[PDB]
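**Student:** The structure that follows is given in the form of structure tokens.
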DNA sequence: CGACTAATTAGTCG
DNA sequence: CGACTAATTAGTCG
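Numbering (my numbering), first residue to last: 43 to 113.
Below you can see the structure in the form of structure tokens.
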């Protein structure tokens, strides 16, 4: 077991096992509390940071619309 | 002290 | 060469 590739793949690497519980909340609520976000990533082999980008990228698109305009 | 948000950044796609 | 998406990352409240 040794590393090979080292690049920031812009597309969260999700797996079927992970998607099973990940999609669960997506079909439940679009807002996760402290005792929610920090729990899903603790239930299995995950990290709170990874579960954050998932939501960030979704809101990032909204920040491009809900802002100030010019001219 | 850590998570959450959001901006910076990085990199492949167009 | 541009653009957009996303990990990176730091600030601030919990």
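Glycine included, each C-beta is placed from N, C-alpha and C at the ideal position.
Pick from 112, 106 and 86: whose alpha carbon is nearest that of residue 57?
**Tutor:** Position 15 of the first chain, counted from the first residue, corresponds to residue 57. Answer by Cα proximity: 86.
**Student:** In angstroms with no decimal places, state the Cα-to-Cα distance between residue 72 and residue 44.
**Tutor:** For the purposes of this step, residue 72 is identified with residue 30 of the first chain, where counting begins at 1. For the purposes of this step, residue 44 is identified with residue 2 of the first chain, where counting begins at 1. Using only the alpha carbons, I get a separation of about 37 Å.
**Student:** Figure out for me which residue from 112, 76, 50 and 46 has the closest Cα to the Cα of residue 93.
**Tutor:** Here residue 93 refers to the residue found at position 51 of the first chain. Ranking 112, 76, 50 and 46 by Cα distance to residue 93 puts 76 first.
**Student:** What is the DSSP secondary structure of residue 115, counted as helix, strand or coil?
**Tutor:** Any answer about residue 115 is impossible in this case: the structure gives the chain only from 43 up to 113.
**Student:** From residue 100 to residue 84, what distance separates their C-alpha atoms?
**Tutor:** The sequence position of residue 100 within the first chain is 58, counting from 1. The sequence position of residue 84 within the first chain is 42, counting from 1. Cα to Cα, residue 100 sits roughly 22 Å from residue 84.
**Student:** Using 8 Å as the threshold, is the C-beta distance between residue 106 and residue 90 below it?
**Tutor:** Residue 106 sits at position 64 when you count from the first residue of the first chain. Residue 90 sits at position 48 when you count from the first residue of the first chain. No, the pair does not count as a contact, with Cβ atoms beyond the cut-off.
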